[PDB]
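> Got an experimental structure here, sequence first:
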Amino acid sequence: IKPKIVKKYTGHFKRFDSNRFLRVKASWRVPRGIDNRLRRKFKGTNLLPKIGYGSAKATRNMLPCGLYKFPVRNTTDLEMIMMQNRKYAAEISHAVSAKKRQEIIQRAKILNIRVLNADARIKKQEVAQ
Amino acid sequence: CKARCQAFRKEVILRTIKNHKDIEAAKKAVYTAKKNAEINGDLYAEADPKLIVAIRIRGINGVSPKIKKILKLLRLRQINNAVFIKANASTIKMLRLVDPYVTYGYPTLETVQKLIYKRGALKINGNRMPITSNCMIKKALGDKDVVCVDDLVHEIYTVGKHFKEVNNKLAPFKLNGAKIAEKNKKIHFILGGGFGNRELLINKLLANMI
Amino acid sequence: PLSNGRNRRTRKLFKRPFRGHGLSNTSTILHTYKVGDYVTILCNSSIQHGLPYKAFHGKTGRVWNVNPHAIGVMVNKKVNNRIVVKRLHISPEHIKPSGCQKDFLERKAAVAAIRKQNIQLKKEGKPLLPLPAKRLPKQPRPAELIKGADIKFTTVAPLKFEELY
Amino acid sequence: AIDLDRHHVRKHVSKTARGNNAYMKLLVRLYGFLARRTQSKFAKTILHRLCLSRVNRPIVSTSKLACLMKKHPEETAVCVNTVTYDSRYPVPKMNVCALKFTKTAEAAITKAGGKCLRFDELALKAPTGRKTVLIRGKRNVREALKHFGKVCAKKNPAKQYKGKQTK
Amino acid sequence: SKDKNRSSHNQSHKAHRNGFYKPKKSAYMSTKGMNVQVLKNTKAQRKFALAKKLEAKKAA
RNA sequence: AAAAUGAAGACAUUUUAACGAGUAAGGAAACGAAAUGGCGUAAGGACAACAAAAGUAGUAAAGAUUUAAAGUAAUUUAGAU
RNA sequence: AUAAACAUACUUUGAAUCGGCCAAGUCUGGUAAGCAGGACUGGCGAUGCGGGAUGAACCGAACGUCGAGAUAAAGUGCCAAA
RNA sequence: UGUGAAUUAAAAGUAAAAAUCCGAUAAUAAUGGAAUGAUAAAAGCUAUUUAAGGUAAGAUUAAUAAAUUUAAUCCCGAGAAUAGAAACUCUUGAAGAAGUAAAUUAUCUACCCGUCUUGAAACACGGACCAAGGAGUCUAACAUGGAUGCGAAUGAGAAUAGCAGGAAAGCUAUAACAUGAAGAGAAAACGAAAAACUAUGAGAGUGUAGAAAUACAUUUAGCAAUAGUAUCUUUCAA
């Protein structure tokens, strides 16, 4: 069972004039200029973030697989989402070593918890093995 | 337990027979008088209408301060909103003042029925709830001796004793769009325009708007 | 651009009524004013002593105090975005009894007369009369039948234009 | 659009105990439940007064409790505020329910034979309010209220915040 | 650099936002500057009624 | 906004109704039915494998370059080098 | 008569602002002015959208993100939907 | 001699067929769809019973009639009681479905940002490009306001004196004083109760009723606040 996750706008809200100057990054900033084309909602350039774009509360922050995210740093972190394995999914942190990742992956299979980094930091077993 | 529902059901039936008797009997008396006046060679002057239905035609931008206040006292606060208005010297003058912004006329019984049955709603606890049962009408207007939607219709159409209390509970109707005029809504209906008193022709406009 | 004098712009406001110059009535100084009465301030330019300010002309006020030669009057004045209470003392030469409640005082007497008979009717056991109906705006006229024997017909059509010269 | 008189803004009534005091929050829950279920105007009054700020919850002294309770012998004063002690005058015997009792005020009520209840004990004994006398303190006795307004006024002058060379 | 001198434009709209504040009832009940003898008569009766009331309160 | 429920769920509770443009300007923190909600930089005090070895780290930290995902957005998360 | 309980009455503290401009079944100076100055209202400023080819003010109508339907001003030989 | 607007006689005609025009209207319905959904039982619908009803118009006949006039007996019959039934198909997808991203093309759409200005895309000024730095901060006095402690008191981390621990941290110090408890007057000189009154107002009961909530009548209470008062202190003057 998994609901239909509907996104109202799948594009990116890019900062105005970010495509013309390299000093203006693409992270959004509301234009406060008194003569700004975008902030006056001219035809053609009237795309600003609003609360109306917010996705449905039921299907918010939900990964495409149908579950949520729950970062783990060791095996004991998995024990917090073993009652909710139909709701959460383990996501090993980026700094966790390869030796510790095997223990988490091995235990999470025991507890029937999905891991979203199941093929992360794997050894060189890709050629000649 | 719920043996009162049958008791409630029959009472609504009894009132409905009474309500329809009053409307039919009054309509019959007009025909008989007209028939007898023709036989005797007399002249019969039909009674002036008592009920008026007004619709807001123009938007909210660029309205004089005195016209703005009147449209708020008639609850015509939005374009394409219909309300019922008691006809007297006081209200007729007010409608003339706001003539460019409203169109009005005299509704038939079928117009009142369809408006209440389809677009009807009541203001209960500050909430605009659409009419879904007679129990919600009994709670709203129990002390005004209105217990069923038919009783609501009859009191509006005949303009009874408790019209003001009943009318003030009904929220202003929200109608769809329709072809307002022949030329445009910048002239009076007499000049082929859109606003002003349409007399009995408001029913045709309401038919496409309900 | 006018000057800020006390009695500016009073060529017509302070003029006496046509053929109404000279002394006033004797009723003006003989009328008895009691507290709570309604009066109208009407500046009499014939009497320049104690002349009320020209902004109060025609205003209706209420008597709030009776002094040996002057009658206290309380009117309402409009200020920037509020209303203030103005308390003046005016000799009877500049005020006038107001008829603002004349119609209301007629309904009060009609009801009181009816209520006086009801205590008689209830005392004797007879059913009691009802109070007079409330005022209503001119209502839609009912259905009327016009007899066909005392009726004449006048035909109405647009009139042929005729030169006025 | 729609032509309204005004747009909906937050209503300026508090509906919870201000601050993080755990006990005052518990009292609001206790009387929010009582007002909702019993549907009594008394519990609505206590719930409304518990949510006023400190400045709006003025103190009542034992002198005012003594006078207001003179003709109410078997009664319980209910004041949603601190109760201070008026050392100038004697304290009779009375049962008082209040948010706080001053050390000197509580000992004066207790010694005279009275009882200093809190607002949970009152809800246990008179939940809907049956032998209660609602009491609130004066608000206009604050020294701030003197200085409000224009001191140049002809009718009710203010009180002239003192400063440089205030003769 | 001449400027516009004065305008009443937008002054009635401003005045009706928080509209004309009517005075309260206590504004019409002031008695400062009333008749001197009427004030003397009223004070004489009030002192007579108050003294009688307090004498009765003293008896009980 | 109003009803209902309420020691802990969880999505800052459930239901119903109305509402949602905007320069200058205002809405500090906290306030269970919360008197606007949040993101980011650095430093200080605590918390971080509850059975006596208790957050991550030479089985690869921070940083950098990119590929994808979450969020209306501020930004966050993870893979590869 | 009609409307009005998120009504009504406010209290305290404080921000910004007082260069304004436009229209008209209005007026004064001027030969007149996209000139100068006023009375009442509505706007622009602070405002995008559909129409007038284009336009700060004109006409319709004022804006959370969208799907479908009747509409407004105004259009229906082609550009251009009819 | 022919046509003929109009009118007139007789036959037919109870004056509801069909078509067109003219008026009148638009909604009940039937059949096809479209957008967003739902899938299960019904205040569904159907069958059997008795019978409120059918106000031109459910039918027919009678008396007569410019009648939404009056009767008669037939039909149908709402409420209610008793029995009734919905569980499906086909296509495509790890030989890559649905979605998403990037690049290109096509239709529609898009004037340079910041700024002073009534008004700038402006033939108005600053701006070639990138990285890093970059501008409401601290000290002191006052006021309002939200949380806090204590309360006719509050503070006494005023200096300063001691304690353990070694400590710029922590704790303890019947304490000068600061603000306040009393106010007016330039000053000398003074220094507050009729143990108050009136009005409206917060709360609590009891009864009746609708009947679900809730509404009426009656007894009591008089807080906050606003206004007005009697009285009292000081001042030439409240």
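Ah, there it is. Residues are numbered from 1 along each chain as shown, chains lettered A, B, ... in the order given.
> switch to C-alpha atoms for all contacts and neighbour counts from now on
Will do.
> just the helices in the chain please.
Looking at chain A here, since you left the chain open. A:75-78, A:98-110 (DSSP state H).
> sorry, should have said chain E
Secondary structure of chain E (DSSP H): helices located at E:11-15, E:36-59.
> Could you export these as a markdown table, including distance to RNA strand G and mean neighbour count?
Below are the helices of chain E laid out as a markdown table (distance: least, CA to the nearest atom of the strand, whole Å; neighbours: other CA atoms under 10 Å in any protein chain shown):
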| stretch | distance to RNA strand G | mean neighbour count |
| --- | --- | --- |
| helix E:11-15 | 5 | 12 |
| helix E:36-59 | 30 | 11 |
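> Of those, which is nearest residue B:77?
Closest approach to residue B:77 among those is made by helix E:11-15 (19.5 Å; CA to CA).
> gap between whichever residue of chain D sits closest to chain C and chain B?
Of all residues in chain D, residue D:155 sits closest to chain C, at 13.4 Å by CA to the nearest CA. To chain B, residue D:155 is 36 Å away according to CA to the nearest CA, to the nearest Å.
> Let me know how buried that residue is, in neighbour terms.
For residue D:155, the neighbour count with other CA atoms under 10 Å in any protein chain shown is 7.
> Repeat that for the one 3 residues further on.
For residue D:158, the tally of surrounding residues (other CA under 10 Å) stands at 15.
> Would you mark the buried spots in the helix ranked longest in chain B?
Counting residues, the longest helix found in chain B (DSSP H) is helix B:4-40. Neighbour-count burial for helix B:4-40 flags B:12, B:15, B:16, B:19, B:33, B:34, B:37 (criterion: 16 or more other CA atoms under 10 Å in any protein chain shown).
> quick one, longest helix in chain D?
Longest helix in chain D, counting by DSSP H: helix D:22-38.
> picking up where we left off before, mind checking the SS state of the residue of chain D closest to chain C?
What DSSP: H, G, I helix; E, B strand; the rest coil gives for residue D:155 is coil.
> buried sites along whichever helix in chain C runs longest?
Taking DSSP H as the criterion, chain C has its longest helix at helix C:102-124. Buried residues in helix C:102-124, counted by 16+ other CA under 10 Å: C:115, C:118.
> what does it contact?
Contacts to helix C:102-124, defined as CA atoms under 8 Å, 6 or more residues apart in numbering or on different chains, come from residues C:127, C:128, C:129, C:130, C:131, C:132.
> Name the next helix or strand downstream of that helix, please.
strand C:144-146 (DSSP states H and E).
> Check whether that next one comes near chain B.
Yes. Using CA under 8 Å from any CA of the partner chain, strand C:144-146 reaches chain B at C:144, C:145, C:146.
> Touching that strand from outside, list them.
Under CA under 8 Å, 6+ apart, the answer for strand C:144-146 is B:37, B:42, B:43, B:44, B:45, B:46, B:47.
> In contact with the residue most central in space within chain B, which residues?
Among the residues of chain B, the one closest to the centroid is residue B:84, at 3.8 Å (CA atoms, centre = their mean). Listed by CA under 8 Å, 6+ apart, the contact partners of residue B:84 are B:51, B:52, B:53, B:54, B:167.
> Report the strands that pair with whichever strand or helix holds it, each with its relative direction.
Taking DSSP H and E as the criterion, residue B:84 maps to strand B:81-86. Take DSSP bridges as the rule and strand B:81-86 pairs in its sheet with strand B:51-56 (antiparallel), strand B:173-174 (antiparallel).
> helix/strand/coil for residue D:83?
Assignment for residue D:83 (three-state DSSP): strand.
> Same check on the one 5 residues further on?
Using three-state DSSP, the secondary structure recorded for residue D:88 is coil.
> for the one 4 residues further on, same thing?
Reducing the assignment at residue D:92 to three states with three-state DSSP gives coil.
> was I right about it contacting residue D:112?
Yes. Using CA atoms under 8 Å, residue D:92 is in contact with residue D:112, at 6.0 Å.
> Give the buried residues for stretch B:74-82.
Applying 16+ other CA under 10 Å to stretch B:74-82 flags B:74, B:75, B:76, B:77, B:78, B:79, B:80, B:81, B:82 as buried.
> In space, what's closest to the third one - neighbours in sequence excluded?
Once its chain neighbours are removed from consideration, residue B:76 has its nearest residue in residue B:56; the separation is 5.9 Å (CA to CA, 6 or more residues apart in numbering or on different chains).
> Equivalent analysis for the second one, please.
In space, not counting the residues next to it along the chain, residue B:75 is nearest to residue B:172; the distance is 6.7 Å by CA to CA, 6+ apart.
> measure residue B:85 to residue B:106 for me?
10 Å (CA to CA, to the nearest Å).
> Tell me how many other residues crowd the nearest residue to residue B:87 once chain neighbours are set aside.
Nearest residue to residue B:87, sequence neighbours excluded (CA to CA, 6+ apart): residue B:50, at 5.1 Å. Neighbourhood size, residue B:50 [other CA under 10 Å]: 18.
> cool, and residue B:44?
19.
> I figured it hits residue B:37, correct?
Yes. Between residue B:44 and residue B:37 there is a contact at 6.3 Å, judged by CA under 8 Å.
> Not counting residues beside it along the chain, what's closest to residue 88?
If you meant another chain, say so; for now it's chain A. residue A:68 (4.7 Å).
> oops, chain C please
Residue C:88 sits nearest to residue C:73 (CA to CA, 6+ apart), 5.2 Å away.
> Can you list the helices and strands that whatever helix or strand the one you found lives in packs against?
Secondary structure from DSSP H and E places residue C:73 in strand C:71-78. Counting contacts by 3 or more CA pairs under 8 Å, 6 or more residues apart in numbering or on different chains; DSSP states H and E, strand C:71-78 packs against strand C:60-66, strand C:83-90.
> RNA strand H contacts on chain E?
E:26, E:29, E:30, E:31, E:32, E:43, E:46, E:47, E:50, E:51, E:53, E:54 (CA under 7 Å from any atom of the strand).
> Settle this for me: residue D:4 is touching residue B:77, isn't it.
Yes. Counting by CA under 8 Å, residue B:77 is a contact partner of residue D:4 at 7.1 Å.
> how deep is the nearest residue to residue B:81 once chain neighbours are set aside tucked in, by neighbour count?
Excluding the flanking residues, the one nearest residue B:81 by CA to CA, 6+ apart is residue B:174, at 4.9 Å. Residue B:174: 18 surrounding residues under other CA under 10 Å.
> For residue B:174, list the residues it contacts.
Contacts of residue B:174 (CA under 8 Å, 6+ apart): B:80, B:81, B:82, B:119.
> Would you enumerate the residues in contact with residue B:71?
Counted by CA under 8 Å, 6+ apart, residue B:71 has contacts B:77, B:98.
> Quick check: it is in a strand.
No. Checked against three-state DSSP, residue B:71 lies outside a strand; its state is helix.
> can you dump the C-alpha coordinates of stretch B:179-197 into CSV?
C-alpha atoms of stretch B:179-197 as CSV (Å, rounded to 0.1, in the frame of the first residue of the first chain):
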residue,chain,number,x,y,z
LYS,B,179,-24.8,36.5,-20.8
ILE,B,180,-25.7,39.6,-18.9
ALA,B,181,-27.0,41.9,-21.6
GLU,B,182,-27.5,42.5,-25.3
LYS,B,183,-25.3,45.5,-25.8
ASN,B,184,-23.2,45.6,-22.5
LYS,B,185,-23.6,46.1,-18.8
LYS,B,186,-22.8,49.8,-19.2
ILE,B,187,-26.4,50.8,-19.9
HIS,B,188,-29.8,50.2,-18.4
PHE,B,189,-31.8,47.2,-19.4
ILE,B,190,-34.4,49.5,-21.0
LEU,B,191,-31.6,50.7,-23.4
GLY,B,192,-30.7,47.1,-24.1
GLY,B,193,-28.1,47.0,-21.4
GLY,B,194,-27.4,45.0,-18.3
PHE,B,195,-28.3,46.7,-15.1
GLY,B,196,-31.5,48.1,-13.6
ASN,B,197,-35.0,46.7,-12.9
